[PDB]
Every structure is written in structure tokens, then in C-alpha cells.
Number of protein chains: 6
Amino acid sequence: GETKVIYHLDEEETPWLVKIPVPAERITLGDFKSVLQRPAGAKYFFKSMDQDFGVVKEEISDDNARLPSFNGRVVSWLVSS
Amino acid sequence: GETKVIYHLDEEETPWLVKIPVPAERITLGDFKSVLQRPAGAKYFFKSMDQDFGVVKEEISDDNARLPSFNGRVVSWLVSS
Amino acid sequence: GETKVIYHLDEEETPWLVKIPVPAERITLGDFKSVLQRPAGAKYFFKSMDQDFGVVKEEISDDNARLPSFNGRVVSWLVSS
Amino acid sequence: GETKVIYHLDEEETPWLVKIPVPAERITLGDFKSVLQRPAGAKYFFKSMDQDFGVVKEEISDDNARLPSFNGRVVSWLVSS
Amino acid sequence: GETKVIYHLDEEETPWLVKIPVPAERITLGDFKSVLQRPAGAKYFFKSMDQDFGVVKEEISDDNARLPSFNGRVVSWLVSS
Amino acid sequence: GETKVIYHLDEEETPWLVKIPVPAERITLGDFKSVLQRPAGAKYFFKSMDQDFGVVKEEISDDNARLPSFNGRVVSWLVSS
């Protein structure tokens, strides 16, 4: 199983792409943070869905929390402290 | 207790969603600002009600002020300086 | 003393509400502009009265000019350049 | 010298009021358009008089043309394209 | 055959340029690491393309993996541990 | 003819300066290495230009290769093995 994570770092226009050997059905914030060099201090937002608002960027801070995905892809924005 | 805050940053079309572990009955602007990386300099507006105008976006600048909410959800627009 | 200003931005349906700590008897366009993030370039119109026409939207461009109000409330429309 | 211009925008019931620092004896369509944010594309009509019809709304398209007025007041209807 | 590799080291503004005597069609991460003094501990990202996102910086960790290139040039960012 | 070579040794902040009695138009990596006490094992990078990237640090490993210079000055970074 493999998940592609496309992530943006602060205001940088060019996104980063990492492939994590965990299937998207199981992938957690901790799995993502494990592949980042400096996971600390940042807030993590993920492309997700809200009933009223449609597409939103949802903050997830718990390493055990599952990440939202579409067709095996997670899209994230990092905001550094 | 938990409050969902859906917020817009300036003219960005896609909203952000954060969950704050304070019940909506007690949630304050300071509680919201505490979860933002850079709370300073911005003005904060919240979906609210006016007697004559109905739905409005109400500016709240005092950290001790309670935020308007509906069914545990706050909707906010941030305008940066 | 406090004045409530309900204002519309261009064609946006949902109005904004700000409370300004100046009594309505003294409030000026400059007082209003001081609480806007980007006061420049816009024209400001205020709910007012004309002898022949009744309710009108009156343009006020001078920061020292007093704003028309009713029961401590000013209603304004902003038109951006 | 000052001219008051009361103008209606398409079918909007509430008129707008602007004061232009040109005396009514000299005021031209261009003077009026100079104070509008988006003068283009619209047709401009002004309260005027016809010999047979009495009060009419007269179209004026030339910026150098003088505007009809009564006691320092011009009344106009704008029709957008 | 020769490949030019332009690489950035952490946050250093000035890039480094190395020429590797392997044609770009065959060049692998291991070929690049072989010319670095201290290849260990770092993560390696390469200018690449994603179907939805366009230009991205793609992490490649396997020495046997081919590097993306354009006209014989590879562009890389190194992030140290 | 004389070339000034300003060089940095690994992470040492303070650069070294040597003057080599060869004109900059002809100076080669071998000429530089001849004035170093321990030229072996190190990689040598030189301030240079790339069409797309502008200023870069270009690795040169061949003793017969000419060094890039500006106004008779070469700037180099050494990385030890």
C-alpha cells in the first residue's frame, strides 16, 4: 500500500511530493510526520470536505488521526510556528 | 466540549477548519486566536445576526468576547493588515 | 459612547458590522476609515435624507465630516476603485 | 460653486447623492462622470424640459455637454449596458 | 553522456552545480549521491511533474531510482537531518 | 600575471586568500592545487554562472580545467572528504 502526499510549506508556491508506504485507508498524521525532517512546531492542514462549505482545509494535530484522501492522494498545507 | 471554527483568510476561496476543545457556549476570540499561528495584525469578523439586517459579519476585537455560533459552529473571515 | 456601523462592500450581499467607540453625535468619516484595513481608493456612501427624495445614499469624502445616523447606527455602502 | 446630483442606478429604488464642486451653471456630463467609480458603458439621462411634453428624462452622452439643473440640483437616471 | 545536477543545500540561496558522466536517461539517485561528500542523513527532492499540480519537488530515497530531468539537467533540493 | 583566489575550507567562516602568479585568463584547478598544502581528497567548487540559475558554485575536478573568475579573482569552496 502507498499514499502520495502533496504538501505545501508556508507560502512556497511549489509543492513537495512524498510517497509513504502505508495505504491511504490507514494513513495517519504520525505516518506523514515520520517522513518529514522537522515535523515539530508546524500546524498541518489537509484537503477535506465539510457538509455546508464543501472543500476545506482541515487542521489535524493528533498523530493517531487518519488523514483525508482522494484516490490515494493526500493534499496538505503546513504552517510553521 | 468542542467548537468547529470555519475561517476564511482574506480573499482565499477555500476555507480553513479548526476544532477547538471549548464548548461553543463559552468560546471566546482569545480561544480562537490561541490556535492560529499568527493571530496578530488581522481583524476578525464572525457570522452573526442583526435585528434589522439579518445575517451580518460582525467584527470582534476583544479576546475576552464570546463568539457567535450556530450548532457548535463559528464562521469567521480574517482580514490581514 | 458607541456607534454601530453596518457597511456593504461593493456588491456583496452580506453586510459587515463594526462598533466604533465614538458617540454617533460626533462620529466622522475619518473615525470609520480608521477601523477599516484598507480605507483607500473607495468611495463611501451613507444612508441619509433629502428634502425632496427622502431616503438617499449620500457620498461623503472628507474625513472631518460627520456621518448621518439613526439611533446610534450608521449604514454605509463602499464602492471600490 | 457646488452642484448636487441625485442619481438612480438602473432599477434601484434608493437614489444616490453626490456633491460636485462646480457651479450648476457650468456643470457638464464629464464633471459628473469624473465622480463616478465606473462611468463607462452606462447611458445617462437627466431631468429636463420639453416644449410639448413638459418634464422629460433627456439622454446626454457628450462629456462637454452642460447638464440641466434646477436650483443647483441635477437629477439623473443611469442605465447600465 | 553527461548530466548536470543543480542542487540546493537546505536554506542556502546559492545553488551548487555538478556534472555527472552518466546520461540523463539513465541517471539514478545513487549516481548523484556518489559525487556528494556526505550523502547520508539527507532527504533528496527533485524537480518533477504531477498530473494535477504541475511542477513539484518529488522526494526520491532509493539509490536505484531514476532522477527526473529536463534537457540533461536535474534540479534538486537537499534537506539535512 | 596574477590571480587572487579567495577560498573557504569546509564550514570555516573566515576565508583564505592566496595570490597565484598565473593570469586569470589561463589559471587552472591544477595551478590552485599546487599552492595548497594538502590538495588531495577535497572537492573544489568555484563561483560561476548558470544560464537559468545565475550565480552558482560549480564543481571542478580536472587539474587542466580553467577556473571561472571575475576581475582577476576566483572564489572557491573546498569540501573535505
Side-chain angles (χ1 to χ4, degrees), chain A residues 3-11 13 15 24-25 27-29 32 42-62 65-79, chain B residues 1-39 42-50 53-60 65-80, chain C residues 7-18 37, chain E residues 52-53:
Chain A
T3 301
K4 290 187 182 56
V5 181
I6 292 93
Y7 62 96
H8 307 78
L9 190 54
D10 302 296
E11 291 309 316
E13 309 168 45
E25 315 78 62
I27 189 173
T28 65
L29 174 67
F32 181 29
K43 302 270 188 173
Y44 300 84
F45 297 81
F46 298 91
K47 187 184 180 186
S48 188
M49 289 291 306
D50 175 80
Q51 51 171 357
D52 298 324
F53 286 83
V55 177
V56 301
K57 300 178 175 175
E58 179 177 338
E59 194 248 353
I60 299 182
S61 68
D62 183 345
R66 294 226 164 120
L67 303 183
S69 65
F70 184 82
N71 291 4
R73 300 157 64 92
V74 171
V75 184
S76 182
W77 291 262
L78 275 62
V79 186
Chain B
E2 182 181 81
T3 301
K4 290 187 182 56
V5 181
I6 292 93
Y7 62 96
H8 307 78
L9 190 54
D10 302 296
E11 291 309 316
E12 294 179 7
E13 309 168 45
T14 306
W16 305 76
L17 170 61
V18 297
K19 308 178 202 251
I20 304 172
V22 176
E25 315 78 62
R26 310 191 300 230
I27 189 173
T28 65
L29 174 67
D31 289 322
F32 181 29
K33 292 169 74 176
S34 76
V35 311
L36 302 174
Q37 292 283 56
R38 293 162 177 85
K43 302 270 188 173
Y44 300 84
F45 297 81
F46 298 91
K47 187 184 180 186
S48 188
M49 289 291 306
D50 175 80
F53 286 83
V55 177
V56 301
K57 300 178 175 175
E58 179 177 338
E59 194 248 353
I60 299 182
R66 294 226 164 120
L67 303 183
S69 65
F70 184 82
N71 291 4
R73 300 157 64 92
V74 171
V75 184
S76 182
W77 291 262
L78 275 62
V79 186
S80 54
Chain C
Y7 62 96
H8 307 78
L9 190 54
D10 302 296
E11 291 309 316
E12 294 179 7
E13 309 168 45
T14 306
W16 305 76
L17 170 61
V18 297
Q37 292 283 56
Chain E
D52 298 324
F53 286 83

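By convention in this document, chain letters (A, B, ...) are assigned in the order of the sequence lines, proteins followed by strands, and residues within each chain are numbered from 1. Heavy-atom basis, side chains included; hydrogens, waters and symmetry copies ignored.
In this structure, a donor-acceptor pair under 3.5 Å is present between the side chains of B/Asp31 and B/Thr28.
Distance check: B/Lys57 NZ to B/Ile60 CD1 gives 14.0 Å after rounding to the nearest 0.5 Å. In this structure, B/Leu78 CG and B/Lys43 NZ are separated by 12.5 Å, a value rounded to the nearest 0.5 Å.
In this structure, the side chains of B/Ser34 and B/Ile20 stay at 4.5 Å or more apart for every pair of heavy atoms. No side-chain heavy atom of B/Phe70 sits less than 4.5 Å from a side-chain heavy atom of B/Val75.
The neighbour count for B/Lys47 NZ, taken as heavy atoms of other residues, nucleotides or ligands under 6.0 Å away, does not exceed 12.
In this view, B/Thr3 and B/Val5, B/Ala24, B/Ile27, B/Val74 satisfy the side chain to side chain contact (heavy atoms under 4.5 Å, CB included) rule, not counting sequence neighbours. By the side-chain hydrogen bond (donor to acceptor under 3.5 Å, both in side chains) test, A/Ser48 is found to be paired with A/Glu58, residues two or more places apart in sequence or in another chain being considered. For B/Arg66, the side chain to side chain contact (heavy atoms under 4.5 Å, CB included) criterion is met by B/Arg26, not counting sequence neighbours. With sequence neighbours left out, the salt bridge (charged side-chain N to carboxylate O under 4.0 Å, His left out) criterion links B/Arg73 to A/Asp50, A/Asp52. A/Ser61 meets the side-chain hydrogen bond (donor to acceptor under 3.5 Å, both in side chains) test with no other residue; sequence neighbours excluded.
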| For A/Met49 and A/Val56, what are the C-alpha separation, side-chain angles and deciding distance, and is it a side chain to side chain contact (heavy atoms under 4.5 Å, CB included)? | CA-CA 6 Å; A/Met49 289 291 306; A/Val56 301; over 6 Å; no
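Sorted by first and then second residue, the pairs that involve residues 4-14 of chain B and meet side-chain hydrogen bond (donor to acceptor under 3.5 Å, both in side chains), not counting sequence neighbours, are B/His8-B/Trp77, B/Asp10-B/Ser80, B/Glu12-B/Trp16.
Closest heavy-atom contact between B/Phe46 and B/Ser76: CE2-OG, 3.3 Å.
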